[PDB]
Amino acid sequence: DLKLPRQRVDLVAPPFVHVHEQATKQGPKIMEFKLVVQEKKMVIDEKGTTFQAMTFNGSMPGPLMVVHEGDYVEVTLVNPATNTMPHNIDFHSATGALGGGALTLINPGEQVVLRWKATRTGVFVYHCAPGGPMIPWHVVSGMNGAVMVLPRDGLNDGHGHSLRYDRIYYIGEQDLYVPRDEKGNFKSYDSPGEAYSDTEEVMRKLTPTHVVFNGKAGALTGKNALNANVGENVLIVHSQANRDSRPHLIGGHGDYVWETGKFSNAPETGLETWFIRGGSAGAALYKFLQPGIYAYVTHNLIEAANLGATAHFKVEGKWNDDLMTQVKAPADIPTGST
């Protein structure tokens, strides 16, 4: 019945994004994606703490899907028989049936195919939602990602000017609730089901033990810093499926920010810190003006520095002393000073 060209997309692991056009002159297509659920123990912090994760495509976050307004998105969700739990998928971009959740519940050994029309532009969360208490559990165990629905003319500034990014990164932020023993040491388990009761008790107190980007403390620092160059316009998509965040690029700004994440609304300009509501994605464009290291954080700095929520950008280029300069390097305070 639906007679449109079909196009298979190969997803890539975050923070990278599969290839796509910004502006397009192609008409609507059926964009075909496959997500494979993987339950697995994963390392989440720099001390080697593990937890019983549940993922789309083996990553936290799940991969970013990119389509254009008016495309149809045909998703094959697979739940391998090595998994232990039922799973499903809810797209916040989609209309009806609990975002798809009511049409995608699959037991281990099953797959399902859902199609939804991309009628709403923006960045949106997708997440598992099997029912009842299993909804938060699967989400905070890692089963969430995002989808971006671009206007067919690409982004604009809400004032009639086109905006184009040179690079895009997807930062998925995950709140984790890892059980502790009586002495405060993190507990380990042999399966997600075994971890559940103790995890739920932590969840109920609404205070994460870890807040991480790309699935673990330090994931996007060091050798895995995000690259850019002076002069490049970078789109930073940020999602949080369960809990609020307040992104900030240390040493930079958000030139154009859609903190609620929806491209039918004009962006705000020149922000220091923006706000991702739990259960949403947002996006910020920034044109780098200075080389060096930038930290990208949630600006609850306890979370950023002590719970895992810091990424780095490494930006190549030439320093601009007009924007900032060290007029005098550290020196002893003058004895004359009063």
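One-based numbering along the sequence shown. Rigid core: the largest C-alpha set superposing within 1.5 Å between the two forms.
Farther from the shown form on average, by C-alpha root mean square after a core fit in 9 other deposited structures of this protein, is 329 to 337, of the stretches 329 to 337 and 3 to 11. Taking the PDB entry as given, 29 to 37 carries the higher mean Cα B factor of the two stretches 29 to 37 and 290 to 298. Between 303 to 311 and 65 to 73, the higher mean Cα B-factor belongs to 65 to 73. Across the options 162, 239, 121, 214, the residue with the most elevated CA B-factor in the record is 162. Per the deposited coordinates, the residue with the largest Cα temperature factor out of 169, 263, 126, 189 is 189. For residue 198, the recorded CA temperature factor ranks within the middle third of the chain's modelled residues. The entry lists a Cα temperature factor for residue 48 that places it in the middle third of the chain's modelled residues. When the modelled residues of the chain are ordered by their C-alpha B factor, residue 223 lands in the highest third. Residue 232: CA B factor in the middle third of modelled residues in this chain (values from the PDB entry). Ranked by C-alpha B-factor against the other modelled residues of its chain, residue 152 falls in the highest third.
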